[PDB]
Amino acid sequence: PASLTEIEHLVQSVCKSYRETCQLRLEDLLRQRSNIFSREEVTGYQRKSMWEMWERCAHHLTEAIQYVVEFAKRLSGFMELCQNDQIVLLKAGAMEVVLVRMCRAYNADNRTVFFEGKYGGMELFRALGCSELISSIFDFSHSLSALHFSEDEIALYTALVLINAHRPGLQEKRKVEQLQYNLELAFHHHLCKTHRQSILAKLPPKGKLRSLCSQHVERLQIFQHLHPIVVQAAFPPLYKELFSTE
């Protein structure tokens, strides 16, 4: 079970773990919004080769995933699960957490994302050759930005994205179920305390995050089929472990 004192302690524990494992502080991302890529710089990105742009994005995604891994390890109860279920939860949830965290680096006023020191629109990634996926991710960040998430709200929501008792392959499903339920109580208690329960109906549907990750794996296999040696020789090992089954 859990009393009111224990639920509130869980809230603060989750928010602290998130603060300690956020890649960049929100204030750092906000104070850079005027720093936008020039038209010549955007053109420079569009002329880079497809495989060089793919490995740069793979590198940035891998760095972000590593902070999500540390977030999970600080999450109360996660290290208490068996390592099989720890890996199952991270394999299916790490990318999903990064997609939610991305909205902190997204400026809804001009539809730009902070990328390699400056803000750029989705045309910055045109060399990737997956404009539908990029557009879907930018649209997802746009829908999240309309909610005006606080850092505490992102902390508790991404914990629930990670701790999902429905992931296929879990061996101790009931143990994850109790941890997910405690985090749901903490999330909803914090929304009730802060009069923010109206955002519950506006959160993205369940299949939305899994649809984006499926698109990502789908586009990766298209690129890997065109440049298999590039992936083997120049992609990060953690990236290939999560997304190309290695």
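So that there is no doubt, residue numbering starts at 1 and follows the sequence shown.
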Higher-scoring stretch by recorded Cα B factor average, 155-163 or 119-127: 119-127
Where do the C-alpha atoms have the higher mean temperature factor in this entry, in 187-195 or in 28-36? 28-36
Among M95, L89, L147, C103, highest Cα B-factor in the entry goes to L147
Relative C-alpha B-factor of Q23, binned into the chain's lowest, middle or highest third: highest
Sort the modelled residues of this chain by their C-alpha B factor and say whether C15 lands in the lowest, middle or highest third. lowest
When the deposited Cα B-factors of this chain's modelled residues are ordered and cut into thirds, is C82 in the lowest, the middle or the highest one? highest
Among the modelled residues of its chain, the C-alpha B-factor of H142 falls in the third labelled lowest
Sorting the chain's modelled residues by C-alpha B-factor and splitting them into thirds places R47 in the middle
